[PDB]
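As a starting point, one isolated chain is supplied in structure tokens, in the form solved without this ligand.
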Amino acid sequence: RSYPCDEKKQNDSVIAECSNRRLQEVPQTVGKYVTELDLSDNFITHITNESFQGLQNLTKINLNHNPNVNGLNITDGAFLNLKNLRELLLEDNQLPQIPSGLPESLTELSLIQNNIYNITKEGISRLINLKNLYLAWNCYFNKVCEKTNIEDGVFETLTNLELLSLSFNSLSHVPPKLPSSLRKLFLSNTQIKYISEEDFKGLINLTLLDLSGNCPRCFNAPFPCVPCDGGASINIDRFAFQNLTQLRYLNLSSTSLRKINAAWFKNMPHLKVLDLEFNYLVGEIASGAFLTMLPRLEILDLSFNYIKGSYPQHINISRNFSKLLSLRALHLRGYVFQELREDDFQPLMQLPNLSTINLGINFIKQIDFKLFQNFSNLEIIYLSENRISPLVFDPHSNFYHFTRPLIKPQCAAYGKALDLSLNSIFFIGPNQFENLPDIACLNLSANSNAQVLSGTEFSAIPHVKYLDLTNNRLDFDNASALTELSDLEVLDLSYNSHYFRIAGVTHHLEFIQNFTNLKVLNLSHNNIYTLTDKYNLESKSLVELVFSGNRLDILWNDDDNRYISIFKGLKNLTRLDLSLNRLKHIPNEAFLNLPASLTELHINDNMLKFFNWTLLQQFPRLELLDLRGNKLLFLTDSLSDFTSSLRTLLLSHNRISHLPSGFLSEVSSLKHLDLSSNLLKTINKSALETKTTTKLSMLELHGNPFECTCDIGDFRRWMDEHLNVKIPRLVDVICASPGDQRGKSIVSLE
């Protein structure tokens, strides 16, 4: 049983997760098998040539973010003993210099987010097996750091080097004598205002170059930002990229470009991805000679090139966009304009592989929506944060191109996706969706939409499968609401409320029944407290109901018992979420009227005083029961009498102070038991049993006020007699008493 690290197999080697454990030094208790050691985010202050003796087989060490809340102190040759060390991460350690005497075996070294101002031969030129070297974020807006000093030729000996990152340092010019093995060169935010013909000569293998944030566009910049003199653009010689024939990725975001030299791409016939966000290229977008030079470009980003003070009627798209034959995704966020006409996008209608058009955040008032029918492979039409109306820190993330999917994958997987969230569609006009292609995934979130749904509003796109109506003011009282969407599978009505935001609103949920393949319904935070004519939800198809943030406390304390069968008619339900419903006590017969099909039941974050364990008998398929964050005091002593199906039982954040004699005997079915953050002082001999034996494999106990006398010795031995039962976060399974033990782990005892 490992301590303090969680050790485990990964692929065909063994790993030690040892992060975020308040460790003040490198433990000497790591398993002998461990080849990768993550000690990030701890309180470690020193590394000597002894910290790692006893582990000569280490391949990888992560020491990032040490220490927390002076700096990390590393003796010379601390690591040169470790002859197999390939990867060493030393990020955010406040290193004042490259540690000296690093092992020759290193293939990857990260020294991101330190105070290293000098890059010397002493430090790295020996590391001839480096493939990837990360030196970003060392000299940026720090009064200490005037400029980064790169010893002439320090990289020239690194003849296997493929990735060099020096982004977020002040370099003023591209350092000379870079090895010809370089594939990716990151020089973002380095104050390189001029790129000569000489800078990238010799880098005939280069596939990526990042020069973003040199002569930034600082208008409305979140972080400090220093334009070039007179907001001039980065200055790139005409022949700067002539020998970069392999370049696939070019990032020129935020270089204040007003014009792009088509000659830059003369010898760059493979360019795949071009980022030109945060420039001034409204003009170039209109004319755009450079566009004729990019027949293999797959991703173009031209976002946030808007002109301050301007809200032009029209977008002006060069006809040259038609030469981007390989284009898969065009990002045009934050151009900012009023109207989009059919003819404005004519050039793009013939791009055979154009699947994503991103027009988020342009505040467009009007779109001729029929224009989207003229594209053969459009799969993502992203129109969030426009003004359509009713129709009657982290260094390893991308700083300028927001990278998460535009549309949730679960929605887009159904087919063609249109996102009109955060527009002004305050009701669904009778022509809202005419001339749209066949939409499978529609997002109308957060439009202040107060439509009275009656069964006709969506008939021009009747094959929507995933409909996101969250954060609106919708009236779905009519039993015909949304029934024109006979193929609907997923409906999200999270955070819906009345167009008055007033306590008292009633609901009618009869529309649910009409759908024969509706699978997932999310009614979260609808503050549902009463239903009108009908008091039962019904569906033969539904598998998942999310009912969090409503008032089942009121529904089930009804005088007339009108809601005791409220979910029973969901005949195929397997997952049910009744969290955040302010439940104190569920009537016994209300609980028995939940569908017997359930496999997963969540009643977390209510205020349950008691639970009737005996009723689990009516749920022969239940695998997961979640009762976290309640006020429960006792556990039944005979659980195996009530279920042979339950695998996962979550009880953390309750008020349990006692485990029954033979709680976990037999229990039988359980694999995962979570009793963290309860009020246990100890565990019994009798609460532990066997002959048994339990099929248990995880037991969570952290955050209980354990009494570390000799009474707990029973538990400690049972721990060693069941190495197979994992107990995570041992460091947080903490004696609260007696005083001399208070605060230590129960595992450190005699």
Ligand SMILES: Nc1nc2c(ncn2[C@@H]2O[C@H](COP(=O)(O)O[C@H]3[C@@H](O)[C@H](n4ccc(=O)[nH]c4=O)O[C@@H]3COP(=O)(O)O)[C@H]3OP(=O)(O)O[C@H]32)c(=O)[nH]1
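Note that residue numbering begins at 1 and tracks the sequence as displayed. Basically, rigid core = biggest C-alpha set you can superpose within 1.5 Å across the two forms.
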property	result
Other entries modelling both neighbours but not residue 436, at least a third	no
Other entries modelling both neighbours but not residue 29, at least a third	no
Sequence continuity check, residue 503 and residue 504 (deposited residues unmodelled)	none
Size class of the missing deposited segment between residue 69 and residue 70	10 or more
Between the two ranges 212 to 220 and 441 to 449, the one averaging a larger CA B factor in the entry	212 to 220
Mean Cα B-factor comparison, 141 to 149 or 276 to 284, giving the higher one as deposited	141 to 149
Largest Cα B-factor, entry values, listed residues 466, 168, 458, 402	402
Deposited CA B-factor, highest of 544, 538, 626, 666	666
Ranked against its chain, the third holding the CA B-factor of residue 620	middle
B-factor third for the C-alpha atom of residue 637 within its chain	highest
Within-chain third of residue 481 by Cα B-factor, per the entry	lowest
Cα B factor band for residue 179 (lowest, middle or highest third within the chain)	middle
CA B-factor placement of residue 358, once the chain's modelled residues are sorted into thirds	lowest
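Below, we turn to the form solved in complex with this ligand, even though it does not appear here.
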{"query": "Contacting member of 605, 277, 626, 666, with respect to this ligand in the entry with it bound [4.5 Å, heavy atom]", "finding": "277"}
{"query": "The single option of 679, 128, 633, 299 touching this ligand in the entry with it bound, heavy atom within 4.5 Å", "finding": "299"}
{"query": "Stretch in contact, per heavy atom within 4.5 angstroms of this ligand in the entry with it bound, of 643 to 651, 656 to 664, 326 to 334, 555 to 563", "finding": "326 to 334"}
{"query": "This ligand contact in the entry with it bound: residue 580, any heavy atom under 4.5 Å", "finding": "no"}
{"query": "Contact flag, residue 101 vs this ligand in the entry with it bound, heavy atom cut 4.5 Å", "finding": "no"}
{"query": "Close approach of residue 272 to this ligand in the entry with it bound, 4.5 Å, heavy atom", "finding": "yes"}
{"query": "Residue contact check: residue 141 to this ligand in the entry with it bound, 4.5 Å heavy atom", "finding": "no"}
{"query": "C-alpha displacement of 2 Å or more between the shown form and the other one on the rigid core, among 499, 610, 194, 495", "finding": "499"}
{"query": "Residue shift check between the shown form and the other one, rigid core fit, residue 313 Cα at least 2 Å", "finding": "no"}
{"query": "After fitting the core, residue 204 CA displacement of 2 Å or more between the shown form and the other one", "finding": "no"}
{"query": "Core-aligned C-alpha movement of residue 560 between the shown form and the other one reaching 2 Å", "finding": "yes"}
{"query": "Closer or farther: C-alpha pair residue 95/residue 142 in the entry with it bound, relative to this form, given a change of 3 Å or more", "finding": "farther"}
{"query": "Sense of the change in Cα distance from residue 500 to residue 481 in the entry with it bound - at least 3 Å versus the shown form", "finding": "closer"}
